[PDB]
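Participant: Let's see this in three dimensions:
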Amino acid sequence: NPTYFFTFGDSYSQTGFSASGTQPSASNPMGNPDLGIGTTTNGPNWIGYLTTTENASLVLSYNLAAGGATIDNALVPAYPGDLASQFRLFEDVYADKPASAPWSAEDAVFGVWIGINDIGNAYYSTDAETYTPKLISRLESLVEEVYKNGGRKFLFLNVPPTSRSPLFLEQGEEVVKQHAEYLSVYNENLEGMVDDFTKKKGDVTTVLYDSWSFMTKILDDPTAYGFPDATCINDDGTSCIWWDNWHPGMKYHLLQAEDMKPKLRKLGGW
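Facilitator: Numbers count the residues shown, from 1 in each chain. For reference, the structure is listed below:
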């Protein structure tokens, strides 16, 4: 009795999973590529760890996240594989519950981690209080497509403090602050959406995971987590928080997956 874990997002979630590659099975829960390949962490990322390390039962991962993704290129544009296109791929391949993924409302979990690039590209050019509601509304309409397919269990991750990545720190503290303030508005509106959606539908199980507070705790006190400081970079993925100048490494992703596990118990795989 597997949990079908369909995920959507950007490079913080990518693994390089192809819908024409090897598909998930009990002997091979990620499908493709091998666990630990295709990420921005030097090893497994949070999805690989949730699926194969923190799982309480069989979890099958169908990971549609794509590097560089924004929510919808008609709002903040970036790369062809935006969140809207990931939902289209889901609708094309898995929404109708094929024999390769015969999911039901009781055993499918839809996880979404998006917003890093929308904020990263629009924090200085748009008004957060009137623009982030447009982004969040588009996210909600995409979620409604899976709801119409019969999905009822949802996991949303809020946006972590990319303002404190080495990449953004270089732009000066006033830019870090401009970005962080915009991001806080986005995350507030994300929380409001998830609450409103949960209440209006009445038959959904949702988790809003506060990645922002978790990563902030580590950045504020890195040595408590075994990191030497909050800014060094090491592509081994474990010696520093950062694998490159704006992606965290596998050790960070493991710590986050471990923090997430108890909060995901109500979703069925953890």
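Participant: Return the residues in contact with the residue nearest to residue 18 when sequence neighbours are not counted.
Facilitator: Spatial nearest neighbour of residue 18, chain neighbours left out: residue 32 (6.0 Å); criterion: CB to CB, 6 or more residues apart in numbering. (Each C-beta comes from the backbone N, C-alpha and C, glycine too.) Residues in contact with residue 32 (CB atoms under 8 Å, 6 or more residues apart in numbering) are 16, 17, 18, 21, 22, 23.
Participant: Was I right to think residue 207 contacts residue 158?
Facilitator: No. Look at residue 207 against residue 158 with CB atoms under 8 Å: they stay out of range, at 11.1 Å.
Participant: could you pull out the strands for this protein?
Facilitator: 3-9, 59-63, 108-113, 153-157, 205-209 (DSSP state E).
Participant: Tell me which of the ones you listed lies nearest to residue 121.
Facilitator: Checking these against residue 121 by CB to CB gives strand 3-9 as the closest, at 15.8 Å.
Participant: could you give the angle of the closest one to strand 108-113?
Facilitator: Per axes from the mean of the first three to the mean of the last three CA atoms, to 10 degrees, the angle that strand 3-9 makes with strand 108-113 is 20 degrees.
Participant: got the angle for strand 3-9 vs strand 153-157?
Facilitator: 40 degrees.
Participant: In terms of secondary structure, what does strand 3-9 contact?
Facilitator: Here strand 3-9 touches helix 46-52, strand 59-63, helix 83-93, strand 108-113, going by 3 or more CB pairs under 8 Å, 6 or more residues apart in numbering; DSSP states H and E.
Participant: Pairing partners for it, with directions?
Facilitator: According to DSSP bridges, strand 3-9 forms sheet pairs with strand 59-63 (parallel), strand 108-113 (parallel).
Participant: so which of the ones you listed comes closest to residue 127?
Facilitator: Here strand 108-113 is closest among these (CB to CB), at 24.1 Å.
Participant: next one: that closest one to chain centre, how far?
Facilitator: Put simply, strand 108-113 sits 8 Å off its chain's centre (CA atoms, centre = their mean, to the nearest Å).
Participant: can you tell me which residue is nearest the centre of the chain?
Facilitator: With distances taken as CA atoms, centre = their mean, residue 113 lies nearest the centre of the chain, 2.5 Å away.
Participant: From residue 242, how far out is it?
Facilitator: According to CB to CB, to the nearest Å, residue 113 stands 18 Å off from residue 242.
Participant: tell me the contacts of residue 186?
Facilitator: 115, 118, 119, 128, 132, 135, 136, 159.
Participant: excluding its backbone neighbours, what's nearest the first one?
Facilitator: Pointing back at residue 115 there. Closest to residue 115 by CB to CB, 6+ apart is residue 159, at 4.2 Å.
Participant: so who does the residue nearest to the centre of the chain touch?
Facilitator: 7, 8, 9, 10, 12, 13, 65, 156, 157, 211.
Participant: Out of those residues, flag the one nearest to residue 201.
Facilitator: Nearest member of these to residue 201, counting by CB to CB, is residue 156, at 14.0 Å.
Participant: Give me the neighbour count for the closest one.
Facilitator: 22 (other CB atoms under 10 Å).
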